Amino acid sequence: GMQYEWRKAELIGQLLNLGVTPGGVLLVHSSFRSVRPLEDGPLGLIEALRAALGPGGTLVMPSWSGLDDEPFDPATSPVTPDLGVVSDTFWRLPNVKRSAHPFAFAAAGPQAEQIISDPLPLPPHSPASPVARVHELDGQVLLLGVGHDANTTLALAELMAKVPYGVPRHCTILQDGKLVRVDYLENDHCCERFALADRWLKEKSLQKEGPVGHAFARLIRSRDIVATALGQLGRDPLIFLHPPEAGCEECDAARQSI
């Protein structure tokens, strides 16, 4: 309609009033469809995110390609479309370091290469993943117009709880001039039941909520996400799986994989 185009200074306040603190590590997942309109477009969001964190802060965003038969290059490989414009734009700006593997992240800040310097992580969200370095650095996770279905650290908690299901997934890189398929076993599914973490985090007062632009925003500490999901996965490791009653083809495949 005739909606308010948020300026940079107000976005900073919105970020500060949400819990974003300067000097920290902030991993954000965004759906710009819910943020818009902004006065400066998707760049205006990125500019505010780094303006609130300050120079001593480090902004981290997903930056993987999502393609399994195409090799990855941090200089050209576009972000998968499901990650949004903000993700696809952030890694192209000056001084934004990027991982050199298909499941790459993008980071900018004094701790950037502390986060993205690992080689190909198998599984994609293992320890020694960018998402695990955010955990190790006590970073924050900012859900930006997206639910916990996009919360990547939730998958890190799965492997940290030694979850039984492992489904065969693959990617490809360039080894000495030629392709090669790299087969691994990932712990993915529909990820719909990741929304269960909303009640888990909220009941423990671990999740900050509020507006960032027009989007609904969820801010949770990375270590608080892992810890919360650990205790819940320690109660039932299959709690993120759809029951066979629901007839979810994705989860039923993970279930059959012990």
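Residues carry their position along the shown sequence, with the first being 1.
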Comparing 157-165 with 171-179, the one whose average Cα B-factor in the PDB entry is higher: 171-179
So which stretch wins on mean C-alpha B-factor, 117-125 or 133-141? 117-125
By the entry's C-alpha temperature factors, tell me which of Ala217, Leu230, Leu196, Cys191 sits highest. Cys191
Residue set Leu11, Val25, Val20, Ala246, per-entry CA B-factor max assigned to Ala246
Relative to the other modelled residues in the chain, which third contains the C-alpha temperature factor of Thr89: lowest, middle or highest? middle
Would you check the entry's CA temperature factor for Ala112 and let me know if it's in the chain's lowest, middle or highest third? highest
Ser205 by Cα B-factor - lowest, middle or highest third of the modelled chain: highest
Tell me, lowest, middle or highest third: where does the Cα B factor of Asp69 rank within its chain? highest
Chain-wide C-alpha B factor ranking for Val79, given as lowest, middle or highest third: lowest
